[PDB]
């Protein structure tokens, strides 16, 4: 039932017939062997992915699809903070509304319209069988129902066990099945007592049943532009990524520069980091947070470049209250956080840690 729906989405997910020149599927960018991220090396490294046309690059890093099913539907909470949705800017309400948009994006899979999708669906006898079995006879002859049905299947597929297994070492230690190493427990202790936990934990307090190390909120942490990616995207170096403000119907200027807090599950194997893939290394991602806390000279310097981080792409609505913790992470604490974050790697990707 829901089994079949997701089984259908499992087909669609790896089908390049949903791209105009048939060179790419969802799995091309969201590679299951790489925690549903893109292994391929484009003009700006792994910072941004290349579409079906062989040339177009996006302006944002491809995110994991692991655990994305745990994110609530986009909404504004009672404190007036936006929460949930999909894409780094939350412009899609949920997984269903998101699934169609890579198909039609010209810089990605680049199908011309819903009709071209339906046409490609109808060419496969297995889709005619699978689809008509769940949604009724002729559904592939209507472009709108067909596209919507494919979006449903993909969303159901993304909500299976397989994308959210909770089999990380962190999960096993919380069930009492093993223990953290000393370094890992120090990192976890540091994670829940430093500012990380104000953003990368589901709840403010209490214990979560299915923790994904994000509160689903939107924050501007003051990241610089990623120069080579921005160049490859061809969006122009006058372009500004306004983050959530780009979601249609968000108007409040206080949301400019803010992005969805990523889940930190699998973070150790889904480099490069941040919405624009600016940092290749995890430890650099951690060290970026010291720029708001540390006195030292080296805190201004991106160790990957040997040069200053760079000014924020959007120099307002910085989450200063959370970021100006008054405390700097020394090497031993950065070490320990790396170890803890490594324990959020799902079982099947533990081999990737090297």
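Numbering follows the first chain given and starts at 1.
In this crystal structure, the stretch out of 193 to 201 and 134 to 142 whose C-alpha atoms carry the higher mean B factor is 134 to 142. Between the stretches 290 to 298 and 65 to 73, it is 290 to 298 that shows the larger average CA temperature factor.
As recorded in the entry, 80 carries the highest CA temperature factor of 85, 271, 80, 262. The PDB entry gives the largest Cα B-factor of the residues 284, 212, 266, 129 to 129.
Compared with the other modelled residues of the chain, the Cα B-factor recorded for residue 91 ranks in the lowest third.
When the CA B factors of the chain's modelled residues are split into thirds, the value for residue 177 lands in the highest one.
Compared with the other modelled residues of the chain, the Cα B-factor recorded for residue 313 ranks in the middle third.
Sort the modelled residues of the chain by CA B factor and residue 98 lands in the lowest third. Residue 185: CA B factor lies in the highest third for its chain, per the PDB record.
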